[PDB]
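> Structure of the sequence below:
(2 chains, ligands or ions: 1)
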Amino acid sequence: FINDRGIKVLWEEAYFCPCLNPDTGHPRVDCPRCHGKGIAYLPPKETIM
Amino acid sequence: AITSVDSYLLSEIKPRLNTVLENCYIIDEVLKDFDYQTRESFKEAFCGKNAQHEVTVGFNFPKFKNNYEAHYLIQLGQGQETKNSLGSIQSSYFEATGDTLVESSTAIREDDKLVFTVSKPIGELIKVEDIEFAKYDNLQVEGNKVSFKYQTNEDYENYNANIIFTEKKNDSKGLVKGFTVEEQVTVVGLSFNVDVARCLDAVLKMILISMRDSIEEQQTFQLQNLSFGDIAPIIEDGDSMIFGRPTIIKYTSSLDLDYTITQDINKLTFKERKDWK
Ligand SMILES: [Zn+2]
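Numbers count the residues shown, from 1 in each chain, chains lettered A, B, ... in the order given. Sure, the structure comes next:
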C-alpha cells in the first residue's frame, strides 16, 4: 500500500556537525560540511514516502 | 533644509561597509576581542576580495526575499522638535548658499597668479588646506576659482591642496526659518547565525564611530546617540530562527526653509515740507 501511494524521495539523516564552536556553541559559518546550519547530513538514501 | 535621516544612513553605511569588508586587517582589528574561531570564521566567510558570501543593506518592507545570512535592515523611527529660535529665525544670509563640499585641487600659474579651480561656484570659502594667507598674498575668490599671488610663492607652482567650501545657489536675501528636531532610526543586523549577528553588531558600532567625524553629521545630524537592544529571534517559525540585535541611532538636526526676501532698499531720500498752520 505505501509503495503504491507514496512518492519517491531521497532521505538523508541529520546529525550535529562537529564544527560547533567549543565555547559559543554555534556553527562556523564557513564550514564546508554544513553550510552554516548546525546540522550535517549523512549520504542520501532512496525511500518512498 | 528638509532632511531624511534614513536615506543618509543608507548612503553612508553602504560604501563604508564595503570598504571595511574589502580590507582584512581592519576586521582583524575590530574583532580582536571575540573568540578566535568566531573571528577566523567571519573573516574567512565575509571578508577580503575573495569573500564568497556578502552583506547587504536596505530599508524594511521590501517585497522580495533578502540575504538573511547577513543583512542590515534600516528602519525609520520616531522624532520630536526640541529647540526653537525666536521668530523661528535659524539664520540669515545675503547670498543663497548650498551644501558644504570638500574637493581636491592643484595650484596652477596663470598671469603671475596662482589659482585653484573648483567644480562649482564658490559661495563661501571655509579653508584652503594647510595654507594661511597674509594680506600681501592678495587672496581673492571669483566665480568658481580661487586666486593667489604668484610673486613670492613660485616654489608652490604645482602645490596640491584640499578646498573646503560651499556652493552658492543665487544672489538673494532671505531668512532661514525652521527648528531643531531630535529623530531616531533603528538598525538591526539580521543573521540566522548568532555569531554572525554579534560580529555584524561590532562592525556596525565601528562604522558609526568612524561616521561621527564625517562632514555630513558634523554640519547636520549632530549629537549622535546610540542605544542597543537584546539579541533575540526576529522570526521563530521557519526551518530555522533568524536572530538580530537592534541598535537605535538618535540624531539632532535642523529642519528649515529659505524664505527669500524680495524687498530691497537702496536709497533714502529727505524732504522738508512747511507747515503754515
Ligand atoms: Zn559544520
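> For the rest of this, base every contact and every neighbour count on C-alpha atoms.
Fine.
> What residues does residue B:212 make contact with?
B:218, B:224 (C-alpha atoms under 8 Å, 6 or more residues apart in numbering or on different chains).
> Now with 10 Å, please.
Neighbour list for residue B:212: B:218, B:221-224 [criterion: C-alpha atoms under 10 Å, 6 or more residues apart in numbering or on different chains].
> Just give me the closest of those to chain A.
residue B:224 (32.0 Å; C-alpha to the nearest C-alpha).
> any idea which element the closest one lies in?
strand B:222-228 (DSSP states H and E).
> Excluding covalently adjacent residues, which one is nearest to residue B:173?
residue B:94 (4.7 Å; C-alpha to C-alpha, 6 or more residues apart in numbering or on different chains).
> hang on, isn't the one you found packed against residue B:174?
Yes - between residue B:94 and residue B:174 there is a contact under C-alpha atoms under 10 Å: 6.9 Å.
> Mind listing the shared neighbours of these two?
B:260-261.
> Counting neighbours, go ahead and name the busier of those two.
For residue B:94 versus residue B:174, neighbours defined as other C-alpha atoms under 10 Å in any protein chain shown are more numerous around residue B:174 (18 against 13).
> Okay, the residue lying closest to residue B:118 once chain neighbours are set aside and residue B:88: tell me how far apart.
Counting by C-alpha to C-alpha, 6+ apart, residue B:118 lies nearest to residue B:144, which is 5.4 Å off, once chain neighbours are set aside. Distance, residue B:144 to residue B:88, using C-alpha to C-alpha, to the nearest Å: 33 Å.
> got a list of what residue A:13 touches?
Applying C-alpha under 10 Å, 6+ apart, the residues near residue A:13 are A:39-45.
> could those go into CSV alongside distance to residue A:10?
Below are those laid out as CSV (distance: C-alpha to C-alpha, whole Å):
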residue, distance to residue A:10
A:39, 17
A:40, 16
A:41, 12
A:42, 11
A:43, 10
A:44, 6
A:45, 6
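> can you redo the residues you listed as CSV with secondary structure?
Listed next are the contacts of residue A:13 as CSV, based on DSSP: H, G, I helix; E, B strand; the rest coil:
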residue, secondary structure
A:39, strand
A:40, strand
A:41, strand
A:42, coil
A:43, coil
A:44, coil
A:45, strand
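> buried subset of those?
Applying 16 or more other C-alpha atoms under 10 Å in any protein chain shown to the contacts of residue A:13, the neighbour count classes A:39-40 as buried.
> would you say residue B:27 is within a strand?
No - assessed with three-state DSSP, residue B:27 is helix; it does not lie in a strand.
> Contacts only, for it.
B:20-21, B:39-40, B:42-43, B:47-48, B:199, B:202-203, B:206.
> which one of these has the most neighbours?
residue B:47 (25 neighbours).
> Name all residues that make contact with it.
B:18, B:20-28, B:40-41, B:53-55.
> repeat that with 8 Å
B:21-24, B:27.
> Partner strands of the helix or strand hosting residue B:168 and their direction?
Here residue B:168 sits within strand B:160-170, counting by DSSP H and E. Paired with strand B:160-170 in the same sheet, following DSSP bridges, are strand B:96-110 (antiparallel), strand B:122-128 (antiparallel).
> quick one: buried residues of that strand?
Under 16+ other C-alpha under 10 Å, the buried positions of strand B:160-170 are B:161, B:163-168.
> do stretch A:6-24 as well
Buried, per 16+ other C-alpha under 10 Å, within stretch A:6-24: A:17, A:19-20.
> Distance to residue B:180 and secondary structure for those - can I get that in JSON lines?
Below are these laid out as JSON lines (distance: C-alpha to C-alpha, whole Å; DSSP: H, G, I helix; E, B strand; the rest coil):
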{"residue": "A:17", "distance to residue B:180": "54", "secondary structure": "coil"}
{"residue": "A:19", "distance to residue B:180": "52", "secondary structure": "coil"}
{"residue": "A:20", "distance to residue B:180": "50", "secondary structure": "coil"}
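> Would you tell me whether the helix or strand harbouring residue B:43 gets close to the ion?
Taking DSSP H and E as the definition, residue B:43 sits inside helix B:36-46. No - shown here: helix B:36-46 not in contact with the ion (C-alpha under 5 Å from the ion), separated by at least 11.1 Å.
> by contact count, what packs against that helix?
helix B:24-30, helix B:194-211 (3 or more C-alpha pairs under 8 Å, 6 or more residues apart in numbering or on different chains; DSSP states H and E).
> Touching, residue B:39 and residue B:28? I think so.
Yes - using C-alpha atoms under 8 Å, residue B:39 is in contact with residue B:28, at 7.5 Å.
> If the residue nearest in space to the middle of chain A is in a bridge, with which residues?
The centre of chain A sits closest to residue A:41, judged by C-alpha atoms, centre = their mean, with a distance of 2.9 Å. Taking DSSP bridges, one obtains residue A:14 as the residues bridged to residue A:41.
> for residue 44, what are its contacts?
Just so you know, I chose chain A. Residue A:44 touches A:10-13, counting by C-alpha under 8 Å, 6+ apart.
> oops, I was thinking of chain B
Contacts of residue B:44 (C-alpha under 8 Å, 6+ apart): A:30, B:51.
> Can you pull up the residues of chain B that come close to chain A?
B:37-38, B:41-42, B:44-45, B:193-196 (C-alpha under 8 Å from any C-alpha of the partner chain).
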